[PDB]
file target00.cif (mmCIF, C-alpha atoms)
data_start
loop_
_atom_site.label_atom_id
_atom_site.label_comp_id
_atom_site.auth_asym_id
_atom_site.auth_seq_id
_atom_site.Cartn_x
_atom_site.Cartn_y
_atom_site.Cartn_z
CA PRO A 55 0.00 0.00 0.00
CA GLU A 56 2.91 2.38 0.88
CA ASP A 57 5.32 0.95 -1.78
CA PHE A 58 2.63 1.30 -4.54
CA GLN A 59 1.89 5.04 -3.83
CA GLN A 60 5.61 5.79 -4.47
CA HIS A 61 5.60 3.65 -7.68
CA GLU A 62 2.46 5.50 -8.96
CA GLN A 63 4.08 8.90 -8.11
CA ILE A 64 7.28 7.94 -10.09
CA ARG A 65 5.17 6.59 -13.07
CA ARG A 66 3.09 9.82 -13.31
CA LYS A 67 6.20 12.05 -12.67
CA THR A 68 8.10 10.35 -15.58
CA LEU A 69 4.96 10.67 -17.79
CA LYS A 70 4.72 14.47 -17.10
CA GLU A 71 8.52 14.85 -17.66
CA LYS A 72 8.14 13.25 -21.14
CA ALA A 73 4.98 15.18 -22.18
CA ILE A 74 5.78 18.13 -24.50
CA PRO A 75 3.29 21.00 -23.81
CA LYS A 76 0.93 22.15 -26.63
CA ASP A 77 2.99 25.40 -27.06
CA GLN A 78 6.51 23.79 -27.02
CA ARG A 79 5.58 21.09 -29.63
CA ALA A 80 7.78 21.32 -32.79
CA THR A 81 6.80 18.47 -35.20
CA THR A 82 5.07 18.66 -38.63
CA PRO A 83 1.58 20.30 -38.62
CA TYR A 84 0.75 17.68 -41.33
CA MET A 85 -0.63 14.21 -40.56
CA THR A 86 1.92 11.62 -41.84
CA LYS A 87 0.88 8.85 -44.34
CA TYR A 88 1.37 6.38 -41.42
CA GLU A 89 -0.76 8.40 -38.97
CA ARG A 90 -3.66 8.55 -41.45
CA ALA A 91 -3.40 4.76 -42.10
CA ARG A 92 -3.51 3.81 -38.36
CA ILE A 93 -6.27 6.41 -37.51
CA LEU A 94 -8.52 5.02 -40.32
CA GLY A 95 -7.75 1.43 -39.27
CA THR A 96 -8.26 1.97 -35.49
CA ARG A 97 -11.45 4.08 -35.95
CA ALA A 98 -12.80 1.38 -38.35
CA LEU A 99 -12.08 -1.18 -35.57
CA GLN A 100 -14.03 1.00 -33.08
CA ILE A 101 -16.96 1.42 -35.57
CA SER A 102 -17.15 -2.42 -35.94
CA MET A 103 -17.46 -2.79 -32.12
CA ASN A 104 -20.66 -0.62 -32.01
CA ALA A 105 -18.86 2.66 -31.12
CA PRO A 106 -20.92 5.92 -31.35
CA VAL A 107 -20.46 7.27 -34.92
CA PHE A 108 -20.45 11.09 -35.41
CA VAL A 109 -21.39 10.98 -39.14
CA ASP A 110 -24.42 10.01 -41.28
CA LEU A 111 -23.44 6.69 -42.92
CA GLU A 112 -25.75 6.90 -45.98
CA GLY A 113 -25.94 3.16 -46.70
CA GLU A 114 -22.24 2.59 -45.84
CA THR A 115 -21.42 -1.01 -44.74
CA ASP A 116 -17.58 -0.80 -44.75
CA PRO A 117 -16.22 0.52 -41.37
CA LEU A 118 -13.10 1.89 -43.12
CA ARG A 119 -15.23 3.97 -45.56
CA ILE A 120 -17.19 5.22 -42.44
CA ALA A 121 -13.80 6.01 -40.73
CA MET A 122 -12.83 7.81 -43.98
CA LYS A 123 -16.08 9.86 -43.92
CA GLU A 124 -15.52 10.77 -40.22
CA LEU A 125 -11.94 11.90 -41.14
CA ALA A 126 -13.28 14.15 -43.99
CA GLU A 127 -15.50 16.02 -41.47
CA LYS A 128 -12.73 15.79 -38.74
CA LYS A 129 -15.12 13.95 -36.35
CA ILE A 130 -12.62 11.11 -35.43
CA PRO A 131 -12.09 11.44 -31.62
CA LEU A 132 -8.44 10.21 -31.67
CA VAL A 133 -5.03 11.66 -30.63
CA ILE A 134 -1.56 10.81 -32.02
CA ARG A 135 1.22 10.44 -29.39
CA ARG A 136 4.34 11.33 -31.44
CA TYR A 137 7.40 9.85 -29.76
CA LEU A 138 10.91 11.27 -29.99
CA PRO A 139 14.15 9.17 -29.69
CA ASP A 140 14.51 10.03 -25.94
CA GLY A 141 11.01 8.71 -25.12
CA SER A 142 9.36 12.19 -24.88
CA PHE A 143 6.09 12.78 -26.75
CA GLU A 144 3.82 15.34 -28.48
CA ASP A 145 0.04 14.72 -28.31
CA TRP A 146 -1.64 15.89 -31.55
CA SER A 147 -5.39 15.57 -32.18
CA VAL A 148 -6.74 14.25 -35.53
CA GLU A 149 -8.79 17.52 -35.83
CA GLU A 150 -5.79 19.94 -35.70
CA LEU A 151 -3.54 17.84 -38.02
CA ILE A 152 -3.56 18.91 -41.73
CA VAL A 153 -4.82 16.18 -44.15
CA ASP A 154 -4.08 16.25 -47.94
CA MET B 1 75.24 20.52 -57.45
CA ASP B 2 72.46 19.91 -54.82
CA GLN B 3 72.28 16.08 -54.48
CA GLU B 4 69.20 15.61 -52.14
CA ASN B 5 69.50 18.61 -49.73
CA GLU B 6 67.34 20.92 -51.98
CA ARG B 7 64.37 18.43 -51.71
CA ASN B 8 64.69 18.23 -47.86
CA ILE B 9 64.72 22.09 -47.51
CA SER B 10 61.31 22.31 -49.32
CA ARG B 11 59.83 19.26 -47.46
CA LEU B 12 60.72 20.83 -44.06
CA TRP B 13 59.33 24.26 -45.19
CA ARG B 14 56.09 22.52 -46.36
CA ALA B 15 55.84 20.80 -42.92
CA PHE B 16 56.41 24.22 -41.23
CA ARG B 17 53.55 25.58 -43.42
CA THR B 18 51.10 22.83 -42.26
CA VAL B 19 52.07 23.38 -38.56
CA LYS B 20 51.44 27.17 -38.95
CA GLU B 21 48.10 26.36 -40.75
CA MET B 22 47.14 23.87 -37.94
CA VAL B 23 48.03 26.39 -35.15
CA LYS B 24 45.98 29.10 -37.00
CA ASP B 25 43.03 26.67 -37.65
CA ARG B 26 42.82 25.76 -33.91
CA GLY B 27 42.33 29.44 -32.95
CA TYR B 28 45.80 30.89 -32.18
CA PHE B 29 47.10 34.31 -33.39
CA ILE B 30 49.11 33.49 -36.57
CA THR B 31 48.99 35.99 -39.50
CA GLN B 32 48.15 34.97 -43.14
CA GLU B 33 51.57 36.49 -44.13
CA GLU B 34 53.49 34.02 -41.85
CA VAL B 35 51.45 31.08 -43.29
CA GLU B 36 51.96 32.22 -46.96
CA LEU B 37 55.78 32.46 -46.52
CA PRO B 38 57.86 31.53 -49.63
CA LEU B 39 60.79 29.04 -49.71
CA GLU B 40 63.38 31.86 -50.34
CA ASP B 41 62.21 33.76 -47.19
CA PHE B 42 62.43 30.50 -45.16
CA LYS B 43 66.07 29.85 -46.31
CA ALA B 44 67.19 33.39 -45.32
CA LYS B 45 65.50 33.34 -41.86
CA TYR B 46 65.79 29.66 -40.70
CA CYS B 47 68.76 28.25 -42.75
CA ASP B 48 72.51 29.01 -42.39
CA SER B 49 75.00 30.29 -45.07
CA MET B 50 76.20 26.65 -45.62
CA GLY B 51 72.66 25.64 -46.70
CA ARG B 52 71.50 23.68 -43.60
CA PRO B 53 68.21 24.25 -41.67
CA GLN B 54 68.21 24.89 -37.89
CA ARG B 55 65.01 23.27 -36.48
CA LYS B 56 65.59 24.76 -32.96
CA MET B 57 65.16 28.24 -34.57
CA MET B 58 61.81 27.17 -36.17
CA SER B 59 60.16 26.64 -32.69
CA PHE B 60 57.56 29.29 -31.70
CA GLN B 61 54.92 30.41 -29.10
CA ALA B 62 51.22 30.95 -29.96
CA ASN B 63 48.55 32.80 -27.95
CA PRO B 64 44.74 32.40 -28.36
CA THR B 65 42.82 35.00 -30.45
CA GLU B 66 40.24 37.42 -28.91
CA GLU B 67 37.50 35.39 -30.72
CA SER B 68 38.84 32.08 -29.25
CA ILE B 69 38.82 33.32 -25.60
CA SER B 70 35.14 34.51 -25.92
CA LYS B 71 34.23 30.87 -26.92
CA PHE B 72 36.91 28.93 -24.90
CA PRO B 73 37.98 30.96 -21.79
CA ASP B 74 40.22 28.14 -20.41
CA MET B 75 42.29 28.04 -23.67
CA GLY B 76 45.94 28.77 -22.81
CA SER B 77 49.25 29.41 -24.63
CA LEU B 78 50.72 26.90 -27.15
CA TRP B 79 54.37 25.85 -27.77
CA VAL B 80 55.67 24.23 -31.00
CA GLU B 81 59.07 22.41 -30.97
CA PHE B 82 61.02 21.09 -34.01
CA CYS B 83 63.57 18.52 -32.72
CA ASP B 84 66.99 18.85 -34.46
CA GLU B 85 67.98 15.30 -33.31
CA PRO B 86 66.80 12.60 -35.84
CA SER B 87 66.01 10.06 -33.05
CA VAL B 88 64.16 11.52 -30.02
CA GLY B 89 65.46 9.99 -26.76
CA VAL B 90 64.09 9.74 -23.20
CA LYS B 91 66.47 12.62 -22.10
CA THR B 92 65.51 15.06 -24.96
CA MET B 93 61.76 14.42 -24.32
CA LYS B 94 62.16 15.01 -20.50
CA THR B 95 63.62 18.53 -21.17
CA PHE B 96 60.55 19.39 -23.34
CA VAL B 97 58.06 18.12 -20.65
CA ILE B 98 59.72 20.42 -18.00
CA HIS B 99 59.80 23.32 -20.60
CA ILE B 100 55.93 23.32 -20.75
CA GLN B 101 55.37 23.02 -16.93
CA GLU B 102 57.88 25.86 -16.12
CA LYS B 103 56.58 28.36 -18.77
CA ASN B 104 52.89 27.60 -17.69
CA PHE B 105 51.99 26.34 -21.25
CA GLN B 106 48.60 24.59 -21.76
CA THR B 107 49.43 22.70 -25.04
CA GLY B 108 52.75 21.46 -26.51
CA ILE B 109 53.26 20.31 -30.15
CA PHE B 110 56.46 18.24 -30.69
CA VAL B 111 57.48 17.75 -34.35
CA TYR B 112 59.91 14.76 -34.41
CA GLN B 113 62.14 13.71 -37.36
CA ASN B 114 62.26 9.87 -37.67
CA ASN B 115 61.13 8.05 -34.45
CA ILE B 116 60.50 8.45 -30.66
CA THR B 117 61.82 6.05 -27.94
CA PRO B 118 59.02 3.83 -26.38
CA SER B 119 60.21 5.04 -22.90
CA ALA B 120 60.02 8.73 -24.06
CA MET B 121 56.48 8.17 -25.50
CA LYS B 122 55.21 7.28 -21.94
CA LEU B 123 56.17 10.83 -20.74
CA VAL B 124 53.54 12.38 -23.14
CA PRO B 125 50.34 12.11 -20.87
CA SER B 126 52.41 12.43 -17.63
CA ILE B 127 51.76 16.16 -16.83
CA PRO B 128 47.97 17.07 -16.64
CA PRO B 129 46.21 19.56 -17.29
CA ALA B 130 48.94 20.27 -19.95
CA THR B 131 48.57 18.19 -23.16
CA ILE B 132 51.40 17.00 -25.47
CA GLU B 133 50.88 16.21 -29.21
CA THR B 134 53.50 14.44 -31.42
CA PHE B 135 53.74 14.79 -35.24
CA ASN B 136 56.18 13.40 -37.87
CA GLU B 137 57.45 16.14 -40.28
CA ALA B 138 57.09 13.65 -43.22
CA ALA B 139 53.34 13.30 -42.37
CA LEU B 140 53.00 17.14 -42.18
CA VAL B 141 54.43 17.55 -45.76
CA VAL B 142 50.81 18.03 -47.09
CA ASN B 143 47.84 19.44 -45.08
CA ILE B 144 44.97 16.87 -44.94
CA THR B 145 42.22 19.53 -44.26
CA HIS B 146 43.18 21.12 -47.62
CA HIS B 147 42.07 17.92 -49.49
CA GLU B 148 38.79 18.20 -51.51
CA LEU B 149 37.37 15.06 -49.75
CA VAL B 150 38.10 16.43 -46.22
CA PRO B 151 35.23 18.82 -45.21
CA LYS B 152 35.50 21.76 -42.78
CA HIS B 153 35.71 20.27 -39.27
CA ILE B 154 34.98 22.85 -36.52
CA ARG B 155 35.48 22.03 -32.79
CA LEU B 156 32.41 23.11 -30.78
CA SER B 157 32.40 24.88 -27.39
CA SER B 158 31.04 23.14 -24.23
CA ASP B 159 27.94 25.42 -24.71
CA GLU B 160 27.55 24.61 -28.47
CA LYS B 161 27.68 20.83 -27.64
CA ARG B 162 25.18 21.36 -24.75
CA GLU B 163 22.79 23.09 -27.23
CA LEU B 164 23.13 20.34 -29.92
CA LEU B 165 22.48 17.55 -27.35
CA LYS B 166 19.27 19.45 -26.36
CA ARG B 167 17.83 20.14 -29.91
CA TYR B 168 17.97 16.42 -30.84
CA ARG B 169 17.53 15.13 -27.19
CA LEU B 170 20.84 13.21 -27.66
CA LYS B 171 23.25 11.63 -25.18
CA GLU B 172 27.02 12.17 -25.83
CA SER B 173 27.58 8.60 -27.22
CA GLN B 174 24.20 8.46 -29.15
CA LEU B 175 25.92 10.67 -31.84
CA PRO B 176 28.07 9.66 -34.92
CA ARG B 177 31.69 9.04 -33.81
CA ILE B 178 35.19 10.38 -34.76
CA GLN B 179 38.19 8.42 -33.38
CA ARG B 180 40.57 10.31 -30.97
CA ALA B 181 43.46 9.11 -33.24
CA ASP B 182 41.65 10.11 -36.55
CA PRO B 183 43.95 12.28 -38.81
CA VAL B 184 41.58 15.35 -38.64
CA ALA B 185 40.92 14.75 -34.88
CA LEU B 186 44.73 14.81 -34.32
CA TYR B 187 45.00 17.95 -36.54
CA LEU B 188 42.44 20.03 -34.56
CA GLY B 189 43.77 18.45 -31.32
CA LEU B 190 40.47 16.91 -30.22
CA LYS B 191 39.94 15.57 -26.69
CA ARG B 192 37.38 12.89 -25.67
CA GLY B 193 33.90 14.39 -25.34
CA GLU B 194 34.59 17.32 -27.76
CA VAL B 195 31.95 17.56 -30.55
CA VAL B 196 33.05 18.52 -34.08
CA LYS B 197 30.72 20.22 -36.65
CA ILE B 198 31.26 18.98 -40.23
CA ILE B 199 30.09 21.20 -43.12
CA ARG B 200 30.07 18.77 -46.08
CA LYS B 201 29.06 19.45 -49.71
CA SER B 202 26.33 17.02 -50.86
CA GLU B 203 25.37 16.21 -54.48
CA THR B 204 21.68 16.29 -53.44
CA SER B 205 21.48 19.22 -50.92
CA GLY B 206 24.75 21.21 -51.25
CA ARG B 207 26.09 22.54 -47.90
CA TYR B 208 25.00 20.14 -45.12
CA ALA B 209 25.93 20.35 -41.43
CA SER B 210 26.63 17.02 -39.72
CA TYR B 211 28.35 16.31 -36.37
CA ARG B 212 30.73 13.75 -34.74
CA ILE B 213 31.76 13.09 -31.11
CA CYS B 214 35.46 12.37 -30.38
CA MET B 215 35.82 9.27 -28.13
CA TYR C 1033 1.95 -26.33 -83.11
CA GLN C 1034 3.05 -28.55 -80.22
CA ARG C 1035 1.29 -28.89 -76.85
CA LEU C 1036 3.85 -29.08 -73.99
CA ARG C 1037 3.13 -31.83 -71.39
CA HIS C 1038 3.32 -29.55 -68.26
CA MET C 1039 0.16 -28.44 -66.35
CA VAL C 1040 1.70 -25.25 -64.78
CA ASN C 1041 -1.14 -24.78 -62.17
CA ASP C 1042 -0.05 -27.95 -60.28
CA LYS C 1043 1.08 -25.84 -57.23
CA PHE C 1044 -2.36 -24.07 -57.00
CA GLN C 1045 -3.32 -23.81 -53.27
CA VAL C 1046 -5.52 -21.90 -50.76
CA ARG C 1047 -5.45 -22.03 -46.94
CA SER C 1048 -7.67 -20.26 -44.41
CA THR C 1049 -6.99 -22.19 -41.17
CA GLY C 1050 -5.32 -25.60 -41.62
CA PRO C 1051 -3.10 -27.91 -39.48
CA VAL C 1052 -0.05 -26.62 -37.46
CA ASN C 1053 3.26 -28.14 -36.16
CA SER C 1054 3.29 -28.93 -32.38
CA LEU C 1055 6.57 -27.04 -31.55
CA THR C 1056 6.11 -23.75 -33.50
CA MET C 1057 2.24 -23.86 -33.61
CA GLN C 1058 2.67 -22.43 -37.17
CA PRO C 1059 0.97 -23.63 -40.44
CA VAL C 1060 2.53 -26.95 -41.51
CA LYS C 1061 4.35 -27.37 -44.93
CA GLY C 1062 2.34 -29.17 -47.65
CA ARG C 1063 0.01 -27.99 -50.48
CA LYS C 1064 -2.19 -31.17 -50.35
CA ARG C 1065 -2.05 -31.18 -46.49
CA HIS C 1066 -3.80 -27.69 -46.38
CA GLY C 1067 -0.38 -26.14 -45.65
CA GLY C 1068 0.72 -22.53 -45.26
CA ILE C 1069 2.49 -20.15 -47.67
CA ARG C 1070 5.85 -19.03 -46.27
CA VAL C 1071 6.42 -15.29 -45.58
CA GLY C 1072 10.22 -15.31 -45.57
CA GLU C 1073 12.87 -12.78 -44.46
CA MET C 1074 12.59 -10.83 -47.79
CA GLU C 1075 8.79 -10.42 -47.40
CA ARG C 1076 9.42 -9.42 -43.75
CA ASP C 1077 11.94 -6.83 -45.10
CA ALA C 1078 9.34 -5.60 -47.67
CA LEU C 1079 6.64 -5.19 -44.96
CA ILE C 1080 9.20 -3.23 -42.86
CA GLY C 1081 9.96 -1.26 -46.07
CA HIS C 1082 6.41 0.08 -46.53
CA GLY C 1083 6.49 1.03 -42.79
CA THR C 1084 3.37 -1.17 -42.64
CA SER C 1085 3.76 -2.55 -39.04
CA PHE C 1086 0.21 -4.04 -38.82
CA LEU C 1087 0.68 -6.07 -42.06
CA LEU C 1088 3.87 -7.51 -40.59
CA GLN C 1089 2.00 -8.15 -37.31
#

call {"tool": "encode", "arguments": {"input": "target00.cif", "output": "structure tokens"}}
result
Amino acid sequence: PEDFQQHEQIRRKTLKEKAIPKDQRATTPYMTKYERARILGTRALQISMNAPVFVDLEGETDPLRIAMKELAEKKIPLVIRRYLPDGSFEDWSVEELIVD
Amino acid sequence: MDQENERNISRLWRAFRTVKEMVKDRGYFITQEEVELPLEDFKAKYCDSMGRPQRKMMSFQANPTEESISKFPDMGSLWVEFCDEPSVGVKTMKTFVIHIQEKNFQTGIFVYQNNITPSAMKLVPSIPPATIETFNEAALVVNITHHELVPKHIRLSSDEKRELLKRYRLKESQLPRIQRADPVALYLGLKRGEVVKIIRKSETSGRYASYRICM
Amino acid sequence: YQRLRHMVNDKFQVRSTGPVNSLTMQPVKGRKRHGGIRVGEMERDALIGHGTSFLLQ
């Protein structure tokens, strides 16, 4: 009980130390080809597990095409945790990232 | 009439050129006039009437430039020594080691002729914080940093290194390496930990800045 | 014209979920045995190449 509180404090301290604040973030404002691929795949996976959809799927049966529609209207509720070689990260939302 | 002497006068002058270029490249006050000294001016100032060069006369003192102290404040005076004896002994080397310590010199370049005694070579890292660097005059005939394939290597300050390790979130060793005994590393007189900035011409991007850590 | 004796589609196979070896628990070798198609080191390299980590997975 006492040894866990210290372990949790260290875990959350290291997390905060690695997190790059919204202002200090310096990566590409563009969503990488890889980011788009995973977002569309993961959101499709969520859609197939009866997750609340934020778009009107006009006769759409493919979850990926639904995930594609949600991306077009920037309604995908996901965040990209961009890691750097030291372990530090930049949290970028799907909404704010520029898509070609 | 000159059998082989004429060739040796030019080879020694060319080695003296490279040493002056090296001393200037490190950040010591050496004028462009002294570097661009012709063979005829060398013969009149450093060679006798008989036509023989006196290497003990070639030795000189170098002080850091105003620009070098504002980047490296712990950079001290430098002493260059051209040994007139073809084979450097344990007794001749001992006199040079004491010469640095007494005059409060921070760095000492020793240009030897043919070879150095294995016993004398042990006296080189025997007097810290003062550093001793040995160079063969035959290897100094041509400057390696003047070669088209050797880019501009610039030694970075403890602050410049600190900044580079921050921008890329790097650890000293996590960087590309340059050996402590690498020809250019020996030229600039690199110590372990010192980061060198390499401006290399690419046939894709043109001028490109890369870096290497001396270990 | 001459008709060559070979029937080129002799190695024609399809596997969804067939038998596996006890040690590796991986699809067993053998077209007629409902065996698996090997994804070798070069195909592994190609899937790393596209940066397509879920296809490799």

call {"tool": "resolve_selection", "arguments": {"input": "target00.cif", "expression": "the PyMOL selection byres ((chain B) within 9 of (chain A))", "output": "compact mmCIF listing (two decimals) with C-alpha atoms, in the coordinates of the input"}}
result
# COMPACT_ATOMS: atom_id res chain seq x y z
CA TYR B 168 17.97 16.42 -30.84
CA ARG B 169 17.53 15.13 -27.19
CA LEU B 170 20.84 13.21 -27.66
CA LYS B 171 23.25 11.63 -25.18

call {"tool": "atom_distance", "arguments": {"input": "target00.cif", "atom1": "atom CA of residue 1054 of chain C", "atom2": "atom CA of residue 1078 of chain C"}}
result
28.5 Å

call {"tool": "interface_residues", "arguments": {"input": "target00.cif", "of": "chain C", "to": "chain A", "cutoff": "12 Å", "atoms": "only C-alpha atoms", "output": "list in words"}}
result
residues 1082, 1083, 1084, 1085, 1086 and 1087 of chain C

call {"tool": "axis_aligned_box", "arguments": {"input": "target00.cif", "around": "segment 148-161 of chain B", "padding_each_side": "3 Å", "output": "lines of an AutoDock Vina configuration file"}}
result
center_x = 33.2
center_y = 20.2
center_z = -37.9
size_x = 17.2
size_y = 16.4
size_z = 33.3

call {"tool": "atom_distance", "arguments": {"input": "target00.cif", "atom1": "atom CA of residue 181 of chain B", "atom2": "atom CA of residue 117 of chain B"}}
result
19.4 Å

call {"tool": "resolve_selection", "arguments": {"input": "target00.cif", "expression": "the PyMOL selection byres ((chain B and resi 84) around 6)", "output": "VMD selection string"}}
result
chain B and resid 55 83 85

call {"tool": "residues_around", "arguments": {"input": "target00.cif", "residues": "residue 93 of chain A", "least_positions_apart": "4", "cutoff": "12 Å", "atoms": "all atoms listed in the file", "output": "list in words"}}
result
residues 85, 86, 87, 88, 89, 97, 98, 99, 100, 101, 118, 121, 122, 124, 125, 128, 129, 130, 131, 132, 133, 134, 135, 147, 148, 149, 151 and 153 of chain A

call {"tool": "resolve_selection", "arguments": {"input": "target00.cif", "expression": "the PyMOL selection byres ((chain B and resi 130) around 12)", "output": "list in words"}}
result
residues 74, 75, 76, 77, 78, 79, 97, 98, 99, 100, 101, 102, 103, 104, 105, 106, 107, 108, 109, 123, 124, 125, 126, 127, 128, 129, 131, 132 and 133 of chain B

call {"tool": "atom_distance", "arguments": {"input": "target00.cif", "atom1": "atom CA of residue 93 of chain B", "atom2": "atom CA of residue 112 of chain B"}}
result
10.3 Å

call {"tool": "residues_around", "arguments": {"input": "target00.cif", "residues": "segment 9-26 of chain B", "least_positions_apart": "2", "cutoff": "7 Å", "atoms": "all atoms listed in the file", "output": "JSON, numbers by chain"}}
result
{"B": [5, 6, 7, 28, 29, 30, 35, 39, 42, 137, 140, 141, 142, 143, 187, 188]}

call {"tool": "write_last_selection", "arguments": {"input": "target00.cif", "atoms": "C-alpha atoms", "output": "compact mmCIF listing (two decimals), in the frame of the given file"}}
result
# COMPACT_ATOMS: atom_id res chain seq x y z
CA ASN B 5 69.50 18.61 -49.73
CA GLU B 6 67.34 20.92 -51.98
CA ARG B 7 64.37 18.43 -51.71
CA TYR B 28 45.80 30.89 -32.18
CA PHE B 29 47.10 34.31 -33.39
CA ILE B 30 49.11 33.49 -36.57
CA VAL B 35 51.45 31.08 -43.29
CA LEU B 39 60.79 29.04 -49.71
CA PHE B 42 62.43 30.50 -45.16
CA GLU B 137 57.45 16.14 -40.28
CA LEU B 140 53.00 17.14 -42.18
CA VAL B 141 54.43 17.55 -45.76
CA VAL B 142 50.81 18.03 -47.09
CA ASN B 143 47.84 19.44 -45.08
CA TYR B 187 45.00 17.95 -36.54
CA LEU B 188 42.44 20.03 -34.56

call {"tool": "residues_around", "arguments": {"input": "target00.cif", "residues": "residue 115 of chain B", "least_positions_apart": "4", "cutoff": "9 Å", "atoms": "all atoms listed in the file", "output": "list in words"}}
result
residues 86, 87, 88 and 136 of chain B

call {"tool": "residues_around", "arguments": {"input": "target00.cif", "residues": "segment 1070-1077 of chain C", "least_positions_apart": "5", "cutoff": "9 Å", "atoms": "all atoms listed in the file", "output": "ChimeraX atom specification"}}
result
/C:1059,1061,1082,1088

call {"tool": "decode", "arguments": {"input": "target00.cif", "residues": "segment 1033-1070 of chain C", "atoms": "C-alpha atoms", "output": "compact mmCIF listing (two decimals), in the first residue's frame"}}
result
# COMPACT_ATOMS: atom_id res chain seq x y z
CA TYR C 1033 1.95 -26.33 -83.11
CA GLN C 1034 3.05 -28.55 -80.22
CA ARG C 1035 1.29 -28.89 -76.85
CA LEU C 1036 3.85 -29.08 -73.99
CA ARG C 1037 3.13 -31.83 -71.39
CA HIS C 1038 3.32 -29.55 -68.26
CA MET C 1039 0.16 -28.44 -66.35
CA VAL C 1040 1.70 -25.25 -64.78
CA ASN C 1041 -1.14 -24.78 -62.17
CA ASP C 1042 -0.05 -27.95 -60.28
CA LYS C 1043 1.08 -25.84 -57.23
CA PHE C 1044 -2.36 -24.07 -57.00
CA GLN C 1045 -3.32 -23.81 -53.27
CA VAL C 1046 -5.52 -21.90 -50.76
CA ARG C 1047 -5.45 -22.03 -46.94
CA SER C 1048 -7.67 -20.26 -44.41
CA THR C 1049 -6.99 -22.19 -41.17
CA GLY C 1050 -5.32 -25.60 -41.62
CA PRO C 1051 -3.10 -27.91 -39.48
CA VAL C 1052 -0.05 -26.62 -37.46
CA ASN C 1053 3.26 -28.14 -36.16
CA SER C 1054 3.29 -28.93 -32.38
CA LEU C 1055 6.57 -27.04 -31.55
CA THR C 1056 6.11 -23.75 -33.50
CA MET C 1057 2.24 -23.86 -33.61
CA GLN C 1058 2.67 -22.43 -37.17
CA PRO C 1059 0.97 -23.63 -40.44
CA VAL C 1060 2.53 -26.95 -41.51
CA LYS C 1061 4.35 -27.37 -44.93
CA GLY C 1062 2.34 -29.17 -47.65
CA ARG C 1063 0.01 -27.99 -50.48
CA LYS C 1064 -2.19 -31.17 -50.35
CA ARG C 1065 -2.05 -31.18 -46.49
CA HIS C 1066 -3.80 -27.69 -46.38
CA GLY C 1067 -0.38 -26.14 -45.65
CA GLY C 1068 0.72 -22.53 -45.26
CA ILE C 1069 2.49 -20.15 -47.67
CA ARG C 1070 5.85 -19.03 -46.27
